[PDB]
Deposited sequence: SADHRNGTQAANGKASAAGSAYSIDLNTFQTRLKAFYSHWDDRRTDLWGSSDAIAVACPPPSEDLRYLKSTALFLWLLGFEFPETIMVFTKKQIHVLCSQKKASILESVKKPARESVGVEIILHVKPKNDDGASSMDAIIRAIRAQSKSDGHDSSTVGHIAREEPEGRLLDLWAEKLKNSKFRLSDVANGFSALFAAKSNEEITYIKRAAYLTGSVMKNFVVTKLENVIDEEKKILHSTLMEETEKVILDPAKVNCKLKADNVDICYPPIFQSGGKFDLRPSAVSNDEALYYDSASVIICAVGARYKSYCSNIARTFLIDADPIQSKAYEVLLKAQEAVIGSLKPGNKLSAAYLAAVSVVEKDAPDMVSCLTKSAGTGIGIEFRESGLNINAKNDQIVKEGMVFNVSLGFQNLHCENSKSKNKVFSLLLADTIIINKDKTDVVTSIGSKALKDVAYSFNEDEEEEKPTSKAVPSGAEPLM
C-alpha cells in the first residue's frame, strides 16, 4: 500500500522546511495538527495525507511534534499505518503513536492524550490550516479542544503552500499524464461534439455536455489515452457555458439551458482531469459567427494569456506575470482592461487551486523551477456589438497547464492553435 521511500523523503522535506522556516512560514509552531473529515471541495489537509502517504485518511487527525507523530484514527487505518513507524524513525527520528478510535467513540480521551503530549514536548504554539472549516463530530470536537487548550494557534497554510509549490520529477510526470488526458478530451471529444451539435442543429443541455465529458475522462479509452483508468478522476464537473450566461469563477456549474450557437455567439468550456491525485486544467472559448468586438477581445485575450505564460520564468514575480497581461490589454484594447479577470490563475498539483500561488498583481512570490500553474485568464462581462443578441453581455476564457522547468516553460495542454481562425466557426 504505502510507498515507504516517498514517505521518508517527504517527511524529511516537511520537517526540514518546518525547521528552516519556522517563524516565517510555519507561525513559530512547535507542533502541527492536520485533520480530515468523513468521506463526502479540495482540502489542504487531504493534500498533505495524499502527499505524505499516497492515500486519503478520512476522519483522521494527525499531529506532528519534534519527536513524535500522533494519529487518531480507526483500527483499520492504524493497522495500515503500522508500516510507517520504522521509516519515520529512520528518516526524521520521530516516534509514530497510533491512537485507535472505536467506531462509536467520540475520541475525546485520545484527543486529551495527544494534547498532553504536545505540552510535554517542551508555552506551545500549534500550527493548523486555520481557514479550513471543521466538518463532522470528530473535527468539531478536536477544534473545540484545541481552542480550549492553553496553546497559541498559528495558521500554517503558507507553510504547506511553499512545501507543495515545487514538484518532484515524479509529480511532474503525473501532472503531464493528467494534462495529456485533459487536452485529449478537449481536442478529441469536446471540439468534435460541439462541431457535430452545431452542424446538425441539435439541442443539447450544458449539463448533458458536462455529463458526457465526465464519462470520457473516466474512460480515457473513449479518446484513446492509454492511462490506467483506476488512476483517473475529474478535477471538477466540466463547465460548459453559452447564451449570455457566463461565470468565470472556478466554482461555476454547467446549467440545464440549451447550448446556444446562433450568430455572434461564444461558448466556454473548461475541463480538468486528475491523475494519481494530481490535477490539470484547460479552458477554451469557441466563437460562432463572432462579431468584431468578440473577435478582437478573443485575439487580445490570447495575446494576454501568452504574455502571462511567457513571463512565468524562474526568478520572476507572479505579479510581473499578471501585469504582463494587463500591459497587453492596455496597449491593444484599453477599454477592455476593466473586464480582465483579476487573477491569471494559480498553482496546481494535488490541490486544484494552490491559493498561495495566485497569479495576480499583489503576489510578489518568485517563480521557481518545478512550480506548476493553471494559467487561466478571462474577460468578464464585455458587451457585444448587437445588444439585441443573446450574448449582449459575454465573457471569454483561456486556460492551460504549464510546467516551469529551469530552461523552458512547458505548456502541457497544448492541443493545437488557439488562434481565432482555429476556434472560430462560420
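Of the deposited sequence, the ranges 1-22, 63-65, 148-153, 458-480 have no C-alpha coordinates according to the record.
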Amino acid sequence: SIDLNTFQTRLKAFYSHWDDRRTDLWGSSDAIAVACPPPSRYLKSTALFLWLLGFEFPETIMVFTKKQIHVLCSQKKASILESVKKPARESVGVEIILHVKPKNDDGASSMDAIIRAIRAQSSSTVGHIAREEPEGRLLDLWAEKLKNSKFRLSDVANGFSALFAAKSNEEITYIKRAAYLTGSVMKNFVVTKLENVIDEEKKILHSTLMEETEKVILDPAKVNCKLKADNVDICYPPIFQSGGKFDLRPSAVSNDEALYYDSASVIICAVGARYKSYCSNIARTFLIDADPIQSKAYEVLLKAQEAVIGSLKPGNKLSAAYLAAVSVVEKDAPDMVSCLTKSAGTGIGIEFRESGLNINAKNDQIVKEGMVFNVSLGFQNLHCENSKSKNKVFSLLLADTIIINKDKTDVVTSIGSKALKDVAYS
From here on, numbers count along this sequence of modelled residues.
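Stretches 54-62 and 392-400 differ in mean C-alpha B factor, with the higher average recorded for 54-62.
Look at the mean CA B-factor for 339-347 and for 128-136 in the entry; the higher one is 128-136. For the set 152, 353, 167, 276, the PDB entry assigns the largest Cα B-factor to 152. Set against one another, the Cα B-factors of 230, 211, 330, 171 in the record reach their highest point at 230. Among all modelled residues in this chain, the alpha-carbon of residue 70 has a temperature factor (C-alpha) in the middle third.
When all modelled residues of the chain are sorted by CA temperature factor, residue 288 is found within the middle third.
Annotation for residue 206: C-alpha temperature factor in the lowest third relative to the rest of the modelled chain, per the entry. In the PDB entry, a CA B factor belonging to the lowest third of its chain's modelled residues is recorded for residue 176. Residue 44 sits in the lowest third of its chain by CA B factor, as recorded in the PDB entry.
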